[PDB]
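Accompanying notes for the structure given below.
Note that the chains are named A, B, C, D, E, F, G, H and I in the order they appear, and that numbering of residues resets to 1 at the start of each chain.
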Amino acid sequence: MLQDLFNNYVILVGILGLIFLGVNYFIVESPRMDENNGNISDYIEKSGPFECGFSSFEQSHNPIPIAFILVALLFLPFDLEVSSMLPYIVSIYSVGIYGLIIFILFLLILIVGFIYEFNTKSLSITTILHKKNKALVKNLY
Amino acid sequence: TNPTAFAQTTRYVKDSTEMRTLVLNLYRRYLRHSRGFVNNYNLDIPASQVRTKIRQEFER
Amino acid sequence: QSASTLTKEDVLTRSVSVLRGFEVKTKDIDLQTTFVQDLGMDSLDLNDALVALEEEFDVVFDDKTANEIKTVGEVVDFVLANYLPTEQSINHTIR
Amino acid sequence: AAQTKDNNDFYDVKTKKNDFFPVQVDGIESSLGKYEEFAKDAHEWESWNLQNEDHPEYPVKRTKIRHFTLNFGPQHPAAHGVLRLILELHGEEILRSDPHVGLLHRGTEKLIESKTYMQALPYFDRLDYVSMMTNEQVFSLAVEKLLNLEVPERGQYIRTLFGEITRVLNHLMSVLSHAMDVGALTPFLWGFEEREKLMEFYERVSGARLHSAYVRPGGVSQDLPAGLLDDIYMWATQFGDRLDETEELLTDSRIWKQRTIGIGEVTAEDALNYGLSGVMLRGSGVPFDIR
Amino acid sequence: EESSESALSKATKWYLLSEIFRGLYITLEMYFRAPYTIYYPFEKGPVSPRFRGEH
Amino acid sequence: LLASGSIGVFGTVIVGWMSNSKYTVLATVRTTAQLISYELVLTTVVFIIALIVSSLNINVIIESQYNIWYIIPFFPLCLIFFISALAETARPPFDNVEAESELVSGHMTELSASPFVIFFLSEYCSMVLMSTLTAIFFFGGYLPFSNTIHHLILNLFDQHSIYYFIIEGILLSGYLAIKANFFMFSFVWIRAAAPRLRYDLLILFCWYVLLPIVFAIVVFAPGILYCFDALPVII
Amino acid sequence: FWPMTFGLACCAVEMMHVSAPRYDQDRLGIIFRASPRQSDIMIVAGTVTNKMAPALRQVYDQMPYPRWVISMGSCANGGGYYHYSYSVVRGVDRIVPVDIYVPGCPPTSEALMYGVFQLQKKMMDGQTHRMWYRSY
Amino acid sequence: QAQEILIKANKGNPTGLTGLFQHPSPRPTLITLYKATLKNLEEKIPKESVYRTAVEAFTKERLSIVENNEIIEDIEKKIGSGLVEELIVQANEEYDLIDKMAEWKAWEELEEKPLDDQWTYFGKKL
Amino acid sequence: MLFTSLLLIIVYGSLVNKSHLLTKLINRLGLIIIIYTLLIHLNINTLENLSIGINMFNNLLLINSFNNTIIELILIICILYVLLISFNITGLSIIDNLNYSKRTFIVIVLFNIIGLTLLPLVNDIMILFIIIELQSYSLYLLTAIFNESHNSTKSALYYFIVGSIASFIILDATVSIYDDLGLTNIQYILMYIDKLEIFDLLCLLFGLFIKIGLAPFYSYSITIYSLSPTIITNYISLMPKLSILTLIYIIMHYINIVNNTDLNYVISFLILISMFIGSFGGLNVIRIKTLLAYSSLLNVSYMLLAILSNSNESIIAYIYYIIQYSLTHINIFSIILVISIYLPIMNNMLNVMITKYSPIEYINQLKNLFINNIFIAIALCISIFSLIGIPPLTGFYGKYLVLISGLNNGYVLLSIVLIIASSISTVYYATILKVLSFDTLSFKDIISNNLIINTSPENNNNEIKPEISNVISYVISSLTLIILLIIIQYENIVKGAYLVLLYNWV
């Protein structure tokens, strides 16, 4: 297997991406040819953030609560499970029945974690607010 | 329906002495938020000039 | 970590410095110096000083305390009892 | 409410109720001496801290930081025009919503008082600017009732015929744009051709596609041109299929039902108390219709 | 326990996206229909003698 | 193939680099959520096809479909693969990253001129790539629709001349193009026929439904092959 | 020709019917963009109020050059029915430069398309790069 | 005494009105509310009040219907004021109104007379 | 038995409803599982059969008589720990419900027991890395089991980072050995024990020294043990040392084949520093768990002297010391949990805050225990006098056997230092005893109606209601008398230690 052709393609792809930026930088007319409002670094009304018209509080570095953080964390153990199936893909014939049973027992252990997640309802989106109806009771004397 | 932030319930004060306290309490809130007013609206004046402006409007 | 590091003398020393930046009648300020009489502060002048003292010590006088405080010593006592350091991020403490 | 020493506009000191016994600890000592002998130097020693952070009454000054404040402002396709919908978001869940309006406030009611009753009618075409002729009808009825006059029989049928043609026009704009916002783009295009056919009926009797000052106090501006009823009927024989094809993509779609079922539930008790009417009121089980 | 359709029947529709393919088929029908577009300015929409334009 | 595609997700999240734009930030959170949905499902479906051929070579997978196209034995997987392809490309009904009615333009709301083009080009390049992948994994790739027709056309040309191999490349890629154009049509087709699904509903859709189904098949398939003494080898 | 989705009032309804199948603005290459960054045409379709005027100016400034502004309807042109209102701007040209004015209340879908054609005719007559060679 | 009575149930089969659930004990709840309403009128509101006279007239009519009709549909079909779940809400609201009327003392003289020019429009006195 | 029953408990716990009663009954199920595991292990594993050493699972694991003894000890000590969460420790809901709040408590323990038992059995560098992470991860989860506690989550964050660095050092050492030799099986590596860099095994021990809180890495261990709840500190401060020290002895057994004198000096240097910090560190402290953390560091140093010598007497010394220290460790923490019922209730100076996680947090909270409960106070005194080394308690014989191995192998400096460290550490050990009893005669005529136990309602005013539950009191009684009366059966127990062989044979 020779990969010199592949290397040339990867080199071209990297150069190709810079061409799009270089072309756009050399094709656009200069600001003086346009309305001549100066450089973008000074046009603060343009370089500012977009908030649908009305400026609001600047919360760039405020914390962002995530309601699917547990699903994000559970992705990593399951990603490793899928990755660990790669060795069996190309060695299925040589391992024979012995490897097939080992491969099933491997999945029979991870299915316990899959069952545990189902019962614990850990995949559901967490919410701060809860909507509960309150029964109206009269304290008649 | 929950009221917005910093929302007060409208009330008619029948005591002149009580009204004076409410104005003084509101006067301090303006002074405490003077730096916040400068930061949020990106003013060209320091917070000291804002507090002078707030005092002038209250004294009117 | 999250504990007050103030002293009665340091709080009084910085309280005097803040009050000397105004147009007070007397520059001799102690614990028993009254705002209304010794310093000659009216309604709005007193509230300007209280907010200025709030900025120095990063404390907020409540409505009842601010509407009844008479002397500088009461301001010093309030700062000592109520001042707390602002909570830092997780990285500042454990790192 | 009010600035307190434990709660103000800038910070707060929250202390939960204690869930354990108030244990009394006295005479703290080490193997070398009493606590008071080393308490001066103990600030460098974390093992000598007398306050546990797990305690419910542990003092902590936490700055009051506003939630994610997103402006669903005028330059947003979801807003059907101009609306500064301020949302207090905790991630994406909505905690508090502040609809800011008046971006389209043009003082219509103030301007009407300077106009005669005939001059004031075109202002109503521009309030609900998709259901124009119904807006004229409510003002026309009010003036007619004040004038103690009654529209003749043919006039009433015309305002009824175009009252429902107007209702079809409004629901075409309302439902399809509601589906377009959710993500169904195609039904929006199908029904907006039906609007073109119906707006042609608006222009034939009045000369204006949208702002047809046709319904006036005391009847209608002009009589129907010849052939209008035949054209309206020919459209009517076909409009039934357009509704069915619209329902093919929405009514039984599992994606559409997951976006609407259980969303924005309004109880019958609360619908009346908030002055809701029409589909909002009738959706909660109350069969009330002004007609 | 009172469902008219069996669990296998309800699962077959659910797993095979019965109504989704129905919606796709209807959309494909319009692909073989005449569009409504007119070629302005080479063609003009309907007008009436009552139309209001330039004075 | 799978490793290179996962790098493209990192490019989307870069735009939300402590950005002052609130709509850009919200798109990055949604983008990460979608990745958790399809990545496990998409990867495992491709592994089942590789397991059936016992090879991780794309060209070997294409040649293994000479007698049967994998659409017939694995019709559920083709639907699952296409759903994951829609989620990966952030195409509707999974267009939560760039929902115009929700997040104006998503991560591209602050982009203009060349940065917008490159992101626009990359998104549509993924649509072609995923459409081509569907033709490869389940419809035999470049293999002819009819073997008889392929022989007849090539018999009109001499194999001693370069014209045969020019026509041969046109036919083989033409077979791939027709299958790829159908799914590129299907990418447009689903956009014009289905409303957008919420991303939190998508998370529950993949983990509760798609993952159990694909994991069930990854056990079902070796059981069938071992039962009939048909474990795959590379030749 | 990429306008920005900036519908304010009843003039926007006629702007939607340009995208309707009868006229199909997309056949001319016209796509409405939700962000000022991706749009070069600003169509002011509706009434501009004093409460809205600062928002309109900010959105206009956020459009990269080259940019054009279209004033549609009597409200945007000169205030129209609400000219003598206490809260209405008497013409969007008081805030942003206008390249073409489309008359009507509302202008018909063909009236707006004619105005776009006039703007495209003006755009095709631009000589930005020949101006640098001969005028600078 | 402590007669804790359920006014609005928060669970159960729907009634066709959103947010309104079926009441487990329709008839017994109305009987206690009606009887307590009649007793409260005779202890707080004087006899000459028109409000007291009218409430007793219809509360007794609704109490008689509830105590003579076992079928829930027949109760609603004769009272004609909505479902029984709605009648329980109406009984609670009427019971609380009597307590507010007693505090208001709304049977006395007009607390505030209007001005001479108050209800005059464009020169004509209404 | 462990693996199969763990899966059943995992599924069952997630199915039944969430309640304190079901969790406690599930904890008792875990107690039966460990008891069944002990019975099965004792049925098939014997000291005589395992003397030679038997390979298992393609030689990835190797079990001998030395390894088998620790596994039996691990199971037994785990049984005594589960009794704390499987039964009442104080009888008060406000205190005891903490143990029943987390359902995964018993699950995480069973995960760690599998790691603890298999760690001394590792015979490959690959499985060594796998098992050491299996044990380490289970300890992080147990430290963070109370996720509503600020200190518990902070400690687990500290525990994770320090252990991960130690795991990297362990992985770095094993990889460096593979680079030199190309082999992963330990027995194959022993063929080249004279041709590989023996200091790479010292890098391996450095990672293991971190995980047991050895100096200079002591600081994190003291901080974690003090912040963690007493029920959690009781486990994480003892169980990791049961398995890692046994593995260190095996590794040092292989290292002594080449007898690198430079290797011994470096380990001697760390032992010397650990005795200094272990003794002087606890002199000025006010927390009881902080005091025990320094006590744990000092005692591990004593065992490391036996491990470093690595002779026939070292096997006798290490096996005896680890068994008796574990029993003393359980006894002390069992008493600490119980005596929380005698804490006075406020009804203030120093603004002392005590949480439900650690009701006993300061040494002076043990005041007047001689009056409050004379039998419990003496039981604590016997345990403390054992840590001091007063004969004929179990602690004296542990130090007596350690000194024999140290002086026989020529560690004169360490033997003298360990005895000076023992005298220095006696100061803070005696402070516990001073708090318990030295004010008995002045506070005998005192009234205490404000204690925690006084809040417990009576049944009928005629039932003789014991202040302590049956199980925890019996365990304290049994362990105290075993420590006290070891002289009765000391000769036979050492004879059992004579038969524990690590490839000695003849």
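The rule we apply is simple: a residue touches a chain if its C-beta (ideal position, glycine included) is under 8 Å from a C-beta of that chain, and two chains touch if they have at least 3 such contacts.
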By C-beta contact count, C-D versus A-F, the higher one is A-F
With centres defined from CA atoms, tell me which chain sits nearest the overall protein centre.
A
Could you put a whole-Å number on the gap between the CA centroids of subunit E and subunit I?
73
So what's the Cα centroid distance for subunit F and subunit H, whole Å?
66
Touching at least two other chains at once: which residues of subunit G meet that condition?
21-22, 34-37, 52, 55, 59, 64, 108
Listing for subunit B: what residues touch at least two other chains?
25, 28, 32
Residues of subunit H that contact two or more other chains, please.
19
Which stretch or stretches of subunit A touch subunit I in the complex?
112, 115-116, 119-120
Help me check something: in the complex, which residues belonging to subunit C touch subunit I?
94
Mind pulling up the subunit C residues that touch subunit D in the complex?
2-3, 60-63, 65, 82, 84-87
Interface residues, subunit G side, partner subunit F - complex
33-35, 37-38, 64
For subunit A, which residues are in contact with subunit G within the complex?
29-35, 37, 43, 45-46, 48, 50, 52-55
